[PDB]
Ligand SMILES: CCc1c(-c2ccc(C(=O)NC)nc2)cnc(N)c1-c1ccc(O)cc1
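Okay, here we've got a single chain as structure tokens, the form solved without the ligand, with questions on binding and movement later.
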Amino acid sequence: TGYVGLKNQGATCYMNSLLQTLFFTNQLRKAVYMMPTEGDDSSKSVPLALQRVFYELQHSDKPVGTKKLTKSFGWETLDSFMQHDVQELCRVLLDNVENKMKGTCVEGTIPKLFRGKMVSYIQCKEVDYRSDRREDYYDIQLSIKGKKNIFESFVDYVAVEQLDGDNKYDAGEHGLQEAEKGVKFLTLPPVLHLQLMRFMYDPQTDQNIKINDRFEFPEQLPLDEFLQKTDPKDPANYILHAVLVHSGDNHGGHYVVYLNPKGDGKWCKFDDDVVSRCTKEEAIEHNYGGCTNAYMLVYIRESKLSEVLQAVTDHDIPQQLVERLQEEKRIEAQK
């Protein structure tokens, strides 16, 4: 393959799976290396630690380690990774890096890549009163129960809820009323983070548990029909890039990720230290379920494919950074 793996070294769960995903968002990687971490303290800077990981993924022949990363954002209780979502890990990592980038030439890279926008409304039937709230989003949480596929999940997301007797809306001055409540998308970002909601509250044991039901997702995903307005020059057509996968339960469980890093439909399986070529069927259909299946999808917008996935060379890494890491790697010859 010529791609390199991440070491296990503990109970970091989905951590390795996320990290490869971000690394092969090439546009992000380049802007990460541009951060001015020249002054930052080795041990406690998250920005520096991410730089180090990306460097090693890019240069090393040998499986790559992450203790200094884990240490830097400080998840070291017995239940740290067990009690958190993937998207919480994502938000910790990308929010540290966004802040470090302000006042530089690469400020605003994170929002450019990940942030879209959305409108939640309540509208009264008989009386003139409406409430619109506008929100930004970096990811989307999709419902899987009772749903054949991504199209069904989207239809459900933009569904008009109905407010009737006993469930009427309190419209303030106007008192209780009958209303429609809904959600629309105004924009979908270049890189689309979708979590499938597979960890759900069990009323029978007062806990949350994993649904292994069937759920289909396509290689190519048109979403124009879920937009309030379309643009014929940039249709919302997306390409699949990453499939984050899990098998088992709390007794025994394993995290892996499938990528086609160049966007060309040539897939590889990343399993900690071992990376290997695989088929398209192994990345996509063998992860539908219906036990090894998908909990997170990454899609990239067709018109943005080449920019997001632009090539990287060793010249894209500044000298000052390289020299700092050559120093650490010299001290790391203690056998």
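Sequential numbering from 1, following the sequence displayed. Think of the rigid core as the biggest set of C-alphas that the two forms share within 1.5 Å after superposition.
Just so you know, the form solved in complex with the ligand exists too; it's not on screen, but the next bit is about it.
Inset, instruction - Would you check, heavy atoms only and a 4.5 Å threshold, whether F114 touches the ligand in the bound PDB entry? - result: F114: contacts the ligand in the bound PDB entry.
Inset, instruction - Tell me, yes or no, whether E180 is in contact with the ligand in the bound PDB entry, where a contact means a heavy atom of each within 4.5 Å. - result: No, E180 stays farther than 4.5 Å from the ligand in the bound PDB entry.
Legend entry - in the bound PDB entry, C90 touching the ligand (heavy atom, 4.5 Å): Contact check for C90: yes, within 4.5 Å of the ligand in the bound PDB entry.
Legend entry - 4.5 Å heavy atom contact, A236 and the ligand in the bound PDB entry: No, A236 is distant from the partner.
Legend entry - The unique member of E107, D224, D139, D213 whose heavy atoms fall within 4.5 Å of the ligand in the bound PDB entry: Selected option: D139.
Inset, instruction - Identify which of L94, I150, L188, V257 has a heavy atom within 4.5 Å of the ligand in the bound PDB entry; exactly one of them does. - result: That would be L94.
Inset, instruction - Just one of 116-124, 257-265, 191-199, 69-77 has residues with a heavy atom within 4.5 Å of the ligand in the bound PDB entry, so point it out. - result: Every other range fails; the passing one is 191-199.
Inset, instruction - Would you indicate which listed residue, out of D156, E88, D249, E219, moves its Cα by 2 Å or more between the shown form and the other one relative to the superposed core? - result: Just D249.
Legend entry - Core fit, then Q141 C-alpha moves 2 Å or more between the shown form and the other one: Stays below the 2 Å threshold, so no.
Legend entry - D170 C-alpha relocation of at least 2 Å between the shown form and the other one, rigid core basis: Yes; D170 is a residue whose C-alpha shifts (by 2 Å or more) between the shown form and the other one when the cores are overlaid.
Inset, instruction - For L78, decide whether the Cα shift between the shown form and the other one is 2 Å or greater, given a superposition on the rigid core. - result: Where the cores coincide, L78 still shows a C-alpha shift between the shown form and the other one that is 2 Å or more.
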